[PDB]
Structure formats: structure tokens, C-alpha cells
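# A closer look at the structure
Letter by letter, the chains look like this.
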Amino acid sequence: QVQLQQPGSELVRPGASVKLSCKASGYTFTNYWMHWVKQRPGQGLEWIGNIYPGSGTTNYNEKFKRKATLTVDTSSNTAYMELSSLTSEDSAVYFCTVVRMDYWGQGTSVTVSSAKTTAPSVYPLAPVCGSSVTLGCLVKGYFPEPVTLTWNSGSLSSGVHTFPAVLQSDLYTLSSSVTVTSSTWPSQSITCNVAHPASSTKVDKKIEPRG
Amino acid sequence: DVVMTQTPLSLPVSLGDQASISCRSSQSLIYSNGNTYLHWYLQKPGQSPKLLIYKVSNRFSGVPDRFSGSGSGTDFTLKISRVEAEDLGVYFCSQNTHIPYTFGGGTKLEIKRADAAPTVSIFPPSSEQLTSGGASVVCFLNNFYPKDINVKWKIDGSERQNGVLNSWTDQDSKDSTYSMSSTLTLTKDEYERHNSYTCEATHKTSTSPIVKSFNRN
Ligand SMILES: [C]C(=O)[N][C]1[C](O=P([O])([O])O[C][C]2O[C](OP([O])([O])=O)[C]([N]C([C])=O)[C](OC([C])=O)[C]2[O])O[C]([C]OP([O])(=O)O[C]2O[C]([C]OP([O])([O])=O)[C]([O])[C](OC([C])=O)[C]2[N]C([C])=O)[C](OC([C])=O)[C]1[O]
């Protein structure tokens, strides 16, 4: 169900370049065109161009000639798109796909920003001092995305709402709610787990009742 | 260059219903062979696009029999004979007759269900935040329908707007609901100057707003 491996995110600086990789596997890389599609949050699919790994022939979308460069390496079965002279209009998700076969990779979220990578602050959110009870996790002031937030190592999937992160002045904030029955907490402990690999932060916050 | 015009932009549908998405190209989509490269994709939340229908009308493999497509010339249609819960997601037409390939704007398919009121919950600043001089106040508006909601902040009766960060989940795939989180961030020095913090939600399911509040004792 996923024949193309792409890195998950990538942070890059305005005015720099980045080369995104697309690793074909489990089929004959030289037999099919490879395509590149861009999606800015708020959807919208733009076709960037394609290339034919067997010969190297490329087609580009006039909107992206000055911005993108498509290449292959037929030994390693890899495809490359290089986006150069980056502005913030190039922050988007970037897909590689074999149209003829409907092979897609997961897409890479490219963030273009000058911000330095910053570690989150994780705050427990206990209820105020009657049948179910709701707890929260506040993850604040980190950069860039992603943060990965589980609850009890993912064993309360049902009843969890994680909200999309929201950016403001190069810092993201993140909140998640978990709802259990009243007999479950603080009978049993509920810990919010946060990982932010870009800053090597990996922390747990046990929700303690306030008082 | 070649413009795809896709309507409706939002498709509210009940489970079991027949629905129709339409796509209008600004050019003939016959290629240099006789074929007509108009496709349909469904992109489920988080995921990438998947191929539903290729070449106007042929169902791609491993694609459920309740999707089908038709049309000719410049208007094309993707028909869903019986919506299911799987079917939520964004739907795009694409044309591949002309370089550059162009995609429609998309049609977000919403599963229509009975009304549900927000389960509001509010949270005072954690102690750990307040030592470092910050005071965030979080308020969850969970599992409601329809999606149009509006949250409001009250501090000692008066309304407060500068400082709020709002976030909204997509439509849950199991219960077809919506949620929102709202955080109001102040310094420790301002937060200790106030006594009553309130979180108000006005929604379709009530004429009166839902209100959860606390005082600092
Ligand atoms: C028109 C178009 O384009 N289309 C597309 C394509 O893709 P690819 O591969 O990637 O390619 C690219 C190319 O193309 C062309 O070339 P050629 O040589 O072929 O002609 C061109 N284009 C233009 C616009 O022009 C080029 O460019 C230039 C040169 O410039 C490009 O690059 O294709 C595909 C595929 O299609 P087809 O071939 O037609 O096939 C199909 O179908 C068929 C039929 O059947 P029915 O069902 O209908 O009956 C079949 O057989 C096949 O099978 C297989 C698997 O193979 C196919 N199918 C499918 C599903 O595919 C396309 O794709 C689609 C989907 O359609 C695209 O779109």
C-alpha cells in the first residue's frame, strides 16, 4: 500500500535549496514516469512535473520551471526533486507518484523558516478544583513540526482528541484531550507522552489532580 | 492553463444517499489518441490521494463498485450510489490530456448526522506553567455537530479577544463529529489581576450558550 518512501518532514531556510528523495521499490523503477505533486495546507493539488527514469526526459509546469529540478538515480532506484531559492510559498506537502499505477509516497512536509529548532514545554491539564472526566495536555512553544503525542503509550486511543498544531511567530502550540469514565482516574494513572525529535525532547507528564 | 471547475465545494450527505460531484474543464479533454484523460481521486484525512475512476468512467481496481463516473466533452461527473462512512475525505478530478496536469479544487464530503451539542471543558493554568511566569487557559469543545461553532472568552464578565489560539479537528471517522480547542494565554501578572475566567460556546443545538467557568479559588 506504500511503494514509495519519502522523508516525513524537512526544515529549510529561506533562500536555501532542498533536495527531496523518493525511493522506489518493489517494482521496475525504469518502466514508469514519476510525477511530483504539491499540496499547500488548505488542500489544492498542483502538478509540478514528471520525469522518465529510463531516459531522464522531463516535463515541467511553467509555474515551477524556475523553482524545481527533477532527477533520477537508476542504480539506487531513487527519484529527486530539488526546490531552490526557497520562500515561504514553498512550505507545503510534496508528493511523488506513479500515475499509471497509482503509486504514492506519504508526502514530505517542507517548512521554510529562519526559526531555530525550539523544544516544547509540556504542561499537565488536570480538571478544575460528574460521570465522565476530561484531561488535557498542553504542548507549547516548539519548532518545527511534528510533535508526537500519545496517551498512556496509545492505550486510550478511543476518547482522545489531538488538535492540529497551530503556528504563531515561528512557534507551534499543541493540545490534546482524553476522556475516560470517572472510575478510571485518578484511580489509574493517565500520562501524556510527548516526543519532538527535532530537538530530541521525549517527556511524559502524569496528570495529577489539582487539590 | 486548462481550468477544472469542481462543484459543490462541500457535499453534505447522509449514509446510504446517492450523491454526485461534477467537474467542468475549459477545454476538450480528448488526447492524441481517442482517449479522454479525466480522473477522480479521493484523499482520506492525513493520507495521500487514491485513484477511484480513470479515463472518465473505468473503475480502478480494488475500488468499491459504488463509485462510477461518466461525462463527455467538457462536463464530467463522479457518482456515488450509496455513501458509506469510509467515503469521507476530499474528492478531486484531474485532467491529464494537457500539460500541465490540472486538478479541481476538491469537494469535501461531510457525513450528515443528528445534532450534537458541545461537551465544553475548561482548564486553569497549570502550576508548572505559572512558576515560569506563563498562564494559559484551555477550553475544549468536544464532539459537536454541525461544524459551525463559535467560542467566546469572558474575564470578570467582560469579553477578551487578544491572546486566543483556536484549533479545529476534521470530521471524526467513527462518530462523524467535530471538536475545537481554544487556549487563552496571558502573563502571570495579568492572570492574577482577574478572578473569573469563562468559556462560552454558541452553537446550533441551543439558543442559549454553553458556559464553563472557574474562579481562582
Ligand atoms: C495522456 C496522459 O498523459 N495520461 C497519463 C499517462 O501517464 P504516464 O505513464 O505517466 O505518461 C506520461 C506521458 O504521457 C504521454 O505520453 P504517451 O507516449 O503515452 O502518449 C504524454 N502526455 C501528454 C499530455 O502529452 C507525455 O507527455 C509528453 C510526451 O509531452 C507524458 O509525460 O498515461 C497513463 C496511462 O494511460 P494509458 O496508456 O492510456 O493506459 C491506461 O489505460 C489503458 C486502457 O484500458 P481501459 O480500461 O480504458 O479499457 C489500460 O490498458 C492501461 O492499463 C495499465 C495498468 O497500464 C492504463 N490503465 C491505467 C489505470 O492507467 C495515464 O494513467 C491513467 C490512470 O490514465 C495518465 O493519466
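All names here are of chain B. Spatial strand order, β12-β13-β17-β16: four strands in an open sheet with antiparallel pairing. Each edge of the open sheet carries a strand with a single partner, namely β12 (119–123) and β16 (164–168). For this sheet, the mean inter-axis angle between neighbouring strands, taken without regard to orientation, is 15°.

Moving on, we come to the site of the ligand. All names here are of chain B. If you check the shell around the ligand, you find 18 residues, and the closest are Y31, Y37, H39, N96 and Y101. Here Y37 contributes a side-chain N or O atom positioned 2.5 Å from an oxygen atom of the ligand. For the ligand, the accessible surface in isolation is 1200 Å², of which the surrounding protein chains cover 64%.

What follows deals with the interface of chain B and chain A. The interface is formed by 41 residues belonging to chain B together with 40 residues belonging to chain A. Here chain B meets chain A over a buried area of about 3200 Å², counting both sides, of which 67% is carbon and sulfur. Linking chain B with chain A are one salt bridge, by the criterion used here. Among the ionic pairs, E128 of chain B bridges to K205 of chain A, the shortest N-O distance being 3.9 Å.

Bringing the domain arrangement of chain B into the picture now. All names here are of chain B. For chain B, the assigned domains are domain 1 (4–111) and domain 2 (119–215). For domain 1 and domain 2, the distance between their C-alpha centres works out to 38 Å. Taken together, both faces of the contact between domain 1 and domain 2 bury some 520 Å²; the carbon and sulfur share is 41%. The largest contributions to the domain 1 side of the interface with domain 2 come from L88, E110 and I111, which together make up 77% of the buried area. Counting every contact that joins domain 1 to domain 2 gives one salt bridge. Of the charged contacts, one joins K147 and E110 as a salt bridge, the two residues approaching to 3.9 Å between their closest N and O atoms.

Rules used in this analysis
- Residues numbered from 1 in each chain as written, not as in the entry; some residues may be left out.
- Chains lettered and ligands numbered in written order.
- Heavy atoms only, no water.
- Pairing = 2+ DSSP bridges.
- Helix = DSSP H or I, 4+ residues; strand = E, 2+ residues; numbered from the N terminus.
- Axes fitted to C-alpha atoms, helices over the stretch in contact; angles between N-to-C directions.
- Near = heavy atom within 4 Å.
- Polar contact = N/O pair within 3.5 Å; in protein donor to acceptor, adjacent residues only side chain to side chain.
- Areas by Shrake-Rupley, 256 points an atom, 1.4 Å probe, with all protein chains shown as cover.
- Contact = heavy atoms within 4.5 Å.
- Buried area = accessible area lost by both parts, 1.4 Å probe.
- Salt bridge = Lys/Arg side-chain N within 4 Å of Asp/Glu carboxyl O.
- Domains from an automatic or database assignment.

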